[PDB]
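Trainee: got an experimental structure here, sequence first:
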There are 2 protein chains.
Amino acid sequence: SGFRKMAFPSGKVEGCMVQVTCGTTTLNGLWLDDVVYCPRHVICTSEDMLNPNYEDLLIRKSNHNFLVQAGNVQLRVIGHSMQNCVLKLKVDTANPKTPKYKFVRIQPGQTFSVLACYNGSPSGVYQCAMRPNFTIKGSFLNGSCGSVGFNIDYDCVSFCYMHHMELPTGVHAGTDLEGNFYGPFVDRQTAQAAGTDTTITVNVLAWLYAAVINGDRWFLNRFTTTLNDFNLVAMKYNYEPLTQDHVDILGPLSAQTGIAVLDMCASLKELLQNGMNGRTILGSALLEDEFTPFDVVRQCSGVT
Amino acid sequence: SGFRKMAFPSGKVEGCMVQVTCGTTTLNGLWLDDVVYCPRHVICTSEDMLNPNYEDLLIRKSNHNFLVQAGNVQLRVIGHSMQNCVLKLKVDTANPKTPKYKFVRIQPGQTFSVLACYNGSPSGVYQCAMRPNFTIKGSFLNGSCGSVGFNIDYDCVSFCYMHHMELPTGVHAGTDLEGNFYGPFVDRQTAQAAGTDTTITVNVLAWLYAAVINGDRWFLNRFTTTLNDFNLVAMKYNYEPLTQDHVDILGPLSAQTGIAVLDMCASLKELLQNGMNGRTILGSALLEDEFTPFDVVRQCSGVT
Ligand SMILES: *CC(=O)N1CCN(S(=O)(=O)c2ccc(C)cc2C)CC1
Ligand SMILES: *CC(=O)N1CCN(S(=O)(=O)c2ccc(C)cc2C)CC1
């Protein structure tokens, strides 16, 4: 029992983190097989970052300008290419600690663990969600760029995020491991405003199931609702519209708890309309939206 | 910027987790050098757990009854002893992945990461605090016993917790790595009620500093208070008394922010007296007490 914001074990990713230095800029790289992945803004001066021409900046760079250090051992760079907003540094040594892995581009609402790193060294691990506005609400200081977001399926690390940007509002933007930004963000120091940070409704419902499973039940009510009725309330409260897909995804939690998804929606509806009245749900005074239905099943069943 | 509930990277502890089976009971062990540490209730039937005589139960056990598996490789047990509420299983092989480590008994209010494991396999990592009532609010299912709590200082893992018990109220009790329980808890299935779960006042203040540092300032007020005045309010709200020790510990955060500790106390006093009025602080609608001043400095400065 008990329910916690839980990150994947980070060991498999710890073994992949290196330091990339180009000129005076040091940040983190991901070493998988004989390639090191890093943010392309490693080639910029902070002067460059106002309106950088990456192709033009990269022409001035050779393999030997990219200083790649794995622990206190230097890797030999034997090639470099830009793919979207990442650099791929070909090194002469396959990472011996390379786990089974995939690159996946996640959808908004999907959760992942971040291994925050500085100078290729892990400092900590936390669980995030890709927000509906394609930001993440991270914890990233200068030198944390190249830190990666990931999921683990048993032995396979799915890398879904690399850290590039802090927006002027202190929220975070970055890329998949093909170096395409989530959302409309660019690796440029410019006016970049996030859209509406809406609540991930399906994640909130999953987390209400997790609460019932773990004994927190005070918010279960006598009511039900319809998808259309619920969605009217969700719109009003800047919650994502709930789809039949979401309902389907919540099926197993429905089945385990014997609470119909639409009943749980009516519980969520009353919470939105009436607030918590100073009560808490799983030690939170607001509606948590960074657990997926999959996250709830995993934690509540003890999958390794 | 941004501030997250952050666990230590778990890799160094991942490398220490094994499966211990005695009779029909499987749980987790910690393999450091040529010793495997596990909860002594591994020798119990759940029938035993009502009033177990561990010395008497252990007499019936031989080295070869303790089945220790590290990945899919069996370790040879060449000795066993009970130290308080843990078993030390001497194996014929030193754990090659043994990190630099210490056993430390932590104080209430101190924070640590848990690597939740099942069958010697890591499932996830989260950050806890040792509550003032010597419980932790964990996420532990059956098979999670032997999961460990730890801190890391650069290269040194300080193990502070091993998981043993869920109390009837779904909070968690366990031992240091010398197998002494935190609080008055016993490895027995009996009436065991937690005391008052008070709020860790110094941790809340640290977290208010973390908020100011990260731009959340709406709760800074025009007031100050005294330790004695503040402590009157803390008593009323089941907050731990604030000592000059706590004030001293908050000094660096005081210095960085230019907000006197006693001013921040008066801010906390108004929050206790007036509530958040539907506002949030670092994405929380209650006063977070599971960041230490040390945790705030570490995260806010990017220590690895
Ligand atoms: C994204 C990231 O973590 N970066 C990019 C900025 N550089 S830097 O070297 O230009 C730099 C900028 C500002 C400060 C205070 C310090 C540094 C090192 C670091 C990596
Ligand atoms: C503390 C812990 O995680 N334990 C102790 C209980 N045992 S068990 O094998 O007795 C057991 C009890 C109940 C269930 C549903 C399942 C098991 C395996 C597991 C380890």
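Mentor: In hand now; what should we look at? Numbers count the residues shown, from 1 in each chain, chains lettered A, B, ... in the order given. Ligands and ions are numbered 1, 2, ... in the order given.

Trainee: quick one, what contacts residue A:279?
Mentor: Residues near residue A:279 by C-beta atoms under 8 Å, 6 or more residues apart in numbering or on different chains: A:218, A:219, A:285. Backbone N, C-alpha and C define where each C-beta goes, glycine included.

Trainee: buried ones among these?
Mentor: A:219, A:285 (16 or more other C-beta atoms under 10 Å in any protein chain shown).

Trainee: among the contacts of residue A:279, which lie within strands?
Mentor: The members of the contacts of residue A:279 all map outside strands under DSSP state E.

Trainee: and which of the contacts of residue A:279 is nearest to chain B?
Mentor: Minimum distance to chain B across the contacts of residue A:279 is 3.4 Å, recorded for residue A:285 (C-beta to the nearest C-beta).

Trainee: before we move on, the earlier item: now tabulate the contacts of residue A:279 in a markdown table and tack on distance to ligand 1.
Mentor: Formatted as a markdown table, those follow (distance: C-beta to the nearest ligand atom, whole Å):
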| residue | distance to ligand 1 |
| --- | --- |
| A:218 | 44 |
| A:219 | 41 |
| A:285 | 33 |
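
Trainee: out of the contacts of residue A:279, list just those in helices.
Mentor: If you go by DSSP state H, the contacts of residue A:279 have nothing in helices.

Trainee: which positions in chain A make contact with ligand 1?
Mentor: A:25, A:27, A:46, A:142, A:143, A:144, A:145 (C-beta under 6 Å from any ligand atom).

Trainee: okay, now the first one: neighbour count?
Mentor: By the criterion of other C-beta atoms under 10 Å in any protein chain shown, residue A:25 has 18 neighbours.

Trainee: can you show me the strands along the stretch 101-250 of chain A?
Mentor: A:111-118, A:121-129, A:148-153, A:156-166, A:172-175 (DSSP state E, counting those that start in this stretch).

Trainee: near chain B, anything from the longest one?
Mentor: Yes - contact between strand A:156-166 and chain B is present through residue A:166 (criterion: C-beta under 8 Å from any C-beta of the partner chain).

Trainee: relative to strand A:111-118, how tilted is that strand?
Mentor: 60 degrees (axes from the mean of the first three to the mean of the last three C-alpha atoms, to 10 degrees).

Trainee: list the neighbouring strands of strand A:156-166 plus their orientation.
Mentor: According to DSSP bridges, strand A:156-166 forms sheet pairs with strand A:100-103 (parallel), strand A:148-153 (antiparallel), strand A:172-175 (antiparallel).

Trainee: among those strands, which is the most enclosed?
Mentor: strand A:172-175 (a mean of 26; mean count of other C-beta atoms under 10 Å in any protein chain shown).

Trainee: neighbouring contacts of that strand?
Mentor: A:39, A:84-86, A:134-138, A:140, A:149, A:161-167, A:181-183, A:185, A:192, B:2.

Trainee: filter these to the buried ones?
Mentor: Looks like the contacts of strand A:172-175 have A:39, A:85-86, A:134-138, A:140, A:149, A:161-166, A:181-183, A:185, A:192, B:2 buried, using 16+ other C-beta under 10 Å.

Trainee: tell me which stretches of the stretch 101-250 of chain A form helices.
Mentor: Applying DSSP state H, counting those that start in this stretch to the stretch 101-250 of chain A gives helices spanning A:201-213, A:227-236, A:244-249.

Trainee: as CSV, those with mean neighbour count would be great.
Mentor: As requested, the helices of the stretch 101-250 of chain A are arranged in CSV below (neighbours: other C-beta atoms under 10 Å in any protein chain shown):
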stretch, mean neighbour count
helix A:201-213, 24
helix A:227-236, 16
helix A:244-249, 14
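
Trainee: can these go into TSV with extra columns for distance to chain B?
Mentor: What follows is the helices of the stretch 101-250 of chain A, written out as TSV (distance: least, C-beta to the nearest C-beta, whole Å):
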stretch	distance to chain B
helix A:201-213	10
helix A:227-236	16
helix A:244-249	21
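
Trainee: rebuild the ones you listed as TSV, extending it with distance to residue B:103.
Mentor: Formatted as TSV, the helices of the stretch 101-250 of chain A follow (distance: least, C-beta to C-beta, whole Å):
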stretch	distance to residue B:103
helix A:201-213	33
helix A:227-236	50
helix A:244-249	44
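
Trainee: ligand 2 versus residue A:9, what's the distance?
Mentor: 18 Å (C-beta to the nearest ligand atom, to the nearest Å).

Trainee: what's the neighbour count on that residue?
Mentor: Considering only other C-beta under 10 Å, residue A:9 is surrounded by 27 other residues.

Trainee: contacting residues around it?
Mentor: Residue A:9 neighbours (C-beta under 8 Å, 6+ apart): A:152, B:10, B:11, B:14, B:115, B:122, B:123, B:124, B:125.

Trainee: what sits against the last one?
Mentor: What it means is residue B:125. A:6-10, A:125, B:7-8, B:10, B:113-116.

Trainee: one step back: just flag the most distant two among the contacts of residue A:9.
Mentor: Spatially, the most separated pair among the contacts of residue A:9 is B:11 and B:123, at 15.0 Å (C-beta to C-beta).

Trainee: just say helix, strand or coil for the residue in the stretch 201-304 of chain A that ligand 1 sits nearest to.
Mentor: Using C-beta to the nearest ligand atom, residue A:290 is the residue of the stretch 201-304 of chain A that sits closest to ligand 1, at 23.1 Å. Classification of residue A:290 by DSSP: H, G, I helix; E, B strand; the rest coil places it in coil.

Trainee: and the one 10 residues further on, by the same measure?
Mentor: Three-state assignment for residue A:300 (three-state DSSP): helix.

Trainee: quick one, what contacts residue A:138?
Mentor: Contacts of residue A:138 (C-beta under 8 Å, 6+ apart): A:114, A:116, A:126, A:128, A:163, A:171, A:172, B:2, B:4.

Trainee: who's in contact with whatever residue of the stretch 151-300 of chain A ends up closest to ligand 1?
Mentor: Going by C-beta to the nearest ligand atom, ligand 1 is nearest to residue A:164 of the stretch 151-300 of chain A, at 6.4 Å. Listed by C-beta under 8 Å, 6+ apart, the contact set of residue A:164 reads A:39, A:41, A:85, A:145, A:173, A:174, A:175, A:181, A:185, A:187.

Trainee: what distance do you get for the closest residue in space to the second one that isn't next to it in sequence to residue A:26?
Mentor: Across the structure, with C-beta to C-beta, 6 or more residues apart in numbering or on different chains as the measure, the residue nearest residue A:41 apart from its sequence neighbours is residue A:187 (4.9 Å). In this view, residue A:187 and residue A:26 are 17 Å apart by C-beta to C-beta, to the nearest Å.
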